[PDB]
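I'd like to ask some things about the structure below.
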Amino acid sequence: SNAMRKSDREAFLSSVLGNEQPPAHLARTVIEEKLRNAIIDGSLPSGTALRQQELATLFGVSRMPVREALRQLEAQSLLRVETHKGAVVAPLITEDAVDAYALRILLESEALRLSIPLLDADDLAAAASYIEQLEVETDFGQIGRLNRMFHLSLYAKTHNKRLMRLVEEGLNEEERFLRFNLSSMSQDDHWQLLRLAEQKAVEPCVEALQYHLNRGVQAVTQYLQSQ
Amino acid sequence: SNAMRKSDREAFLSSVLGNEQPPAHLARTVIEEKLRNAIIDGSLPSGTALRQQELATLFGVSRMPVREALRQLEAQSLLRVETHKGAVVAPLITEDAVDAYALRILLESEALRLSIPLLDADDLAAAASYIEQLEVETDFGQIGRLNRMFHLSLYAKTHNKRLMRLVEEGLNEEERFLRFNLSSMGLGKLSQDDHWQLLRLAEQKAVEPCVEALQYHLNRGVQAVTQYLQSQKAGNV
Amino acid sequence: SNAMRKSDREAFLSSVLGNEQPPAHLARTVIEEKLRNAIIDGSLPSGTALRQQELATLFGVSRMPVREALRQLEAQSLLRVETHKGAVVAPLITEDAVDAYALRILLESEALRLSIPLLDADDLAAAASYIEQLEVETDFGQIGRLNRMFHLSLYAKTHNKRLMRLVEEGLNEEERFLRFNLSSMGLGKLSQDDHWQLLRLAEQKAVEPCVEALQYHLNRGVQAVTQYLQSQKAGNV
Amino acid sequence: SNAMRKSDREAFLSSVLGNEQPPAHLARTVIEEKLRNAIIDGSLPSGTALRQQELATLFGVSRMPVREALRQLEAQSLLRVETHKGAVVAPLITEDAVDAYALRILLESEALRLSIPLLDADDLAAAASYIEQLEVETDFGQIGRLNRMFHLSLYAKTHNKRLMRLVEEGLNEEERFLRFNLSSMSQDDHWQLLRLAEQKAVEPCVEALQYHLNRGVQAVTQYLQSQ
């Protein structure tokens, strides 16, 4: 680490955790609790460095109770060790889904604005067919497949092969998620996307996709929190 | 496929490849060469379906020499098998470069948008240091490395791990490319002016001006790569 | 040499090696073994002159088997040729370790004296970071590397390039040693307490207290190495 | 580089060079002059980073005149490029000799305090013989050899072989220097060293050696400056 970064981190930890000195005999417990709470409510974000001497100084204690607080946080999967970083706050259970959906919004918005201008009658008919099959489908495994196919039909004229490979990969991952989880967790948005693609209303279609994916990530994260 | 698409592909293949029936003993060699020639000169574009029976029919041969031909093409990386499509014509290196840079513009612009508002004094100090090393660097190997570290410095606060893996993959690929090709590109003396502009705009947290500058920088990159690859194809290197 | 030194060496060699005259066909093997045994058990100390005629005389043989013997010893690194001295008994690994650590105490203490008053906030931040990485490190390879970087951090403002080359040579040698041997040393769980103390004293610019702590740290190092090497010699590893 | 280090360097460059903005047309010349003078008189020590943008900001100019000032400094050998550092102030011609003698003082002081306690009559006689031969020697190549031999005779009982190898190496380097340079550039100090070693006055002997080597480095650096 670097001096300015280190001092900025120390100021940040103080603003989030405070600087009250616990009794020596309460230090192990009090520090674990304050760290856990700050981690769980997001005020100490993932990737924040958890340095024994920085925390011992902040709280006016020896390193040992900090070290033993950090050990329990790791047992609880709230901290992990990374190479060149030491102990850092671990990602919350929703983080990867947030990242995944953010990336899909970036990639698919681009696939959609390349494809819409070029979609032909055959593309638009295949898309209509997939939504129509979605309307009457009851099998949860078939729902994930058809939703995938629908979204892929809108990207049928995306003319960047590297982009498309990443797009498919995200859609495959989503299908796998829905096949295994949708049981345990509405075509109007799909029709709207189709209507806007038919009209070649490119950015309105993209905006509609972003809204659709942002509802998706909210449903996924809510479900992961549920467990 | 359906009757219309099939039929259109068959007429198209005839227009590009003709329909002389080679003798049996020459069918594989004749067909491998016609398809390779047509792929390389762009007349059979990437994504074209290469179907054994369609091609056997066109050339008046059996599937066997067509299948052998297409295996040689796959071994040369001029065709790839894709699920639901079969054997299709693969993108050539120039098309792949064009798609690669378009994707880096897409990915790196978002990285910049996310990172710029959060960059700390150490990030900015690191970036300046790398440009300063670029200013006095003479080894070509080191130029690729220092260039990559500069761009990574500006993305240092991109807190999407999935996005950053793709951004880094792209930067590593560039570095590897420059590592081997830069001394053959003949670009002359290089200037740090663009890097300094990128850093200045990053420092001021001028986010869209910075994105615009990166888009210029990357579009000059793909133009340079593209020109080089055509030189290399022509044998003018 | 002169008559007295020669004569004393000759009596000494007899006291250590005896004087049985081996048969000709066994002279080389007998002599190589007696000298090697006596070198390894310390009874012929490092720096002892090994002179062909003196040894031929003692054993009642010709110079040839003595010369062959001494060549085998040189090939085993148990003797070295030095200018003005000839073939002398080489230091064994334990003596060499003892001399190496004494020299690091000498060199590193001066490095610390020169560097401590000048260390900047980035130097101190780097040092803390390395100890913090040592605290949570489980790979033995990485422990040697992180240990070396910590010590180098404290010497970061030693502005004598000749001294620093020797200091770095010593630290690289330690790292290389730990890289291969640490997992076999059985030292148990290791503590960062000494490193933190060194940094604390460096931060306060308590120069002689810091030197004293480093001297303790290095003397525990040579004791550990020495014990390990004897284990290794005994075959108790 | 790191943020705090960079800002400390910027403050340092300002205290040494000032911050007066030259006319655009004088920038190239004025900056070269101020840098050269600060380098030659030691106020910008060797290893100081010379960063085009830092200097352009300091002087309120564009990078080009700084870049062209730095290029002339390099032509004059006052700056050199180092890996991971960029352009740095180069060592002055006396720097390596200062380093060499500093290191000899460290190593030889230790050889001397290991050896003096153990020196015997034969050692002390060999040492006396070398000084006596130095007193009557007129050949400059023989003077360097005998001075070496004298100093080695005092280290005859140094019982660290690694140390001794470094010591010999420094003495060899000195002998080579004196063989080639002494022409173009006094046994009382030698006798004093011998007298103190005879008495086993260990630290006084070491102090006397340090004084001897510090006069040596002063003569060597003075001569290098002369050219």
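To keep things simple, chains are lettered A, B, C and D as they appear, and every chain counts its residues starting from 1.
One rule holds in what follows: a contact is a pair of C-beta atoms (placed from the backbone, for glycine too) under 8 Å apart; a residue touches a chain by one contact, two chains touch by 3 or more.
Protein names from UniProt, one per chain: A, B, C, D = Transcriptional regulator, GntR family.
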| item | value |
| --- | --- |
| Result of counting contacting C-beta pairs for A-B and B-D, higher pair | A-B |
| Averaged-CA centre spacing for the pair subunit C and subunit A, given as whole angstrom | 55 |
| Interchain centroid distance [CA atoms averaged], subunit C/subunit D, Å | 29 |
| For subunit B, residues contacting two or more additional chains | 120-122 |
| Chain-level touch network, classified as line, ring, star, complete or other | other |
| Pairs of chains, among all present, that meet the touch criterion | A-B, A-C, A-D, B-D, C-D |
| Residue ranges of subunit A touching subunit C (in the complex, touch as defined) | 1-3, 5-7, 51-54, 63, 67, 81, 84-87 |
| Subunit D partner contacts - residues on subunit A that touch it in the complex | 2-5 |
| Contact footprint of subunit D on subunit C as seen in their complex | 46-47, 91, 95-96, 99-100, 102-103, 106-107, 110, 120-122, 159-163, 166 |
| Of subunit C, residues touching subunit A in the complex | 120-122, 124-126, 128-129, 131-133, 135-136, 196 |
